[PDB]
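Okay, here we've got a single chain as structure tokens, the form deposited in one PDB entry, with questions on binding and movement later.
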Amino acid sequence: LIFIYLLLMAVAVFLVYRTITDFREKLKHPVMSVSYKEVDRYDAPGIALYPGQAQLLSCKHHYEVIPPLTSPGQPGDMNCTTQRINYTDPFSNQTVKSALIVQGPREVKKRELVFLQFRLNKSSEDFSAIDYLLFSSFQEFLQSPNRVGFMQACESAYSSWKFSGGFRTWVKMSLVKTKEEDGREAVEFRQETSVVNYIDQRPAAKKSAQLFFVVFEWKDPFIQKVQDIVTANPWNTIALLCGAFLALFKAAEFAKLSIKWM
């Protein structure tokens, strides 16, 4: 009887250590749940182009699925809500980096895409490109005090991309919102590029001026919500341990009935 009681107590202690260690492990490695919430119209995204010396020639919201034939090389109709700012980025506070903010397409369901055009007069770069950062809401920037702070924060909160000459980078930008355990939800942008070579036959002259193109489009109406989940909470652990403790008490009590039997 004493032997089996000691065995049961050893099982209980082993189980307590077991569950405590398993709870410690399950707190370090929370599992993630990713859910897609279809959205009919995305909030106006903010595209932070950094033209530098480049000159915008045209910007439009092509509600259609395919851009129409344009008139490249010369200035064209401007039909975008473009905001311009000059600030100093925190990572290179010494230098001032001028940006150029544009309002991206909203009608994702209707396949609305904003097509841009840029041009740069002859220079000696030999690797010409225009950076661009994407942030979730353009209106939020358009109505936020101290735009310099907002842009500096975005410089850290978003990674740097770019597009180059003789190309039409068709950036199918998409959202992925991350929720950290503290409750706040950070929003990050995913985007897949598809470079489309520019057939420069139309000028066919000594113009030969760097011409850039981009088509910012919403990949699909799904917003990928990614949130970490803590699979282990002390509540379930304590309930399970109490159930096991009672399970052991009943076995010990049945040992007394066995003693009476013998």
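By rigid core we mean the largest C-alpha set that fits within 1.5 Å across both forms. The first residue of the sequence shown is number 1, and the count goes up from there.
What comes next is about the form deposited in another entry, which is not displayed.
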item	value
Rigid core fit then residue 62 CA moved by 2 Å or more between this form and the one not shown	no
Core-aligned CA displacement of residue 231 at least 2 Å between this form and the one not shown	yes
Large Cα move at residue 33 between this form and the one not shown, threshold 2 Å, rigid core	yes
Residue pair residue 149, residue 185 - Cα distance in the other entry, closer or farther (3 Å or more)	closer
Cα-Cα trend for residue 183 and residue 147, given that in the other entry the distance shifts by 3 Å or more	closer
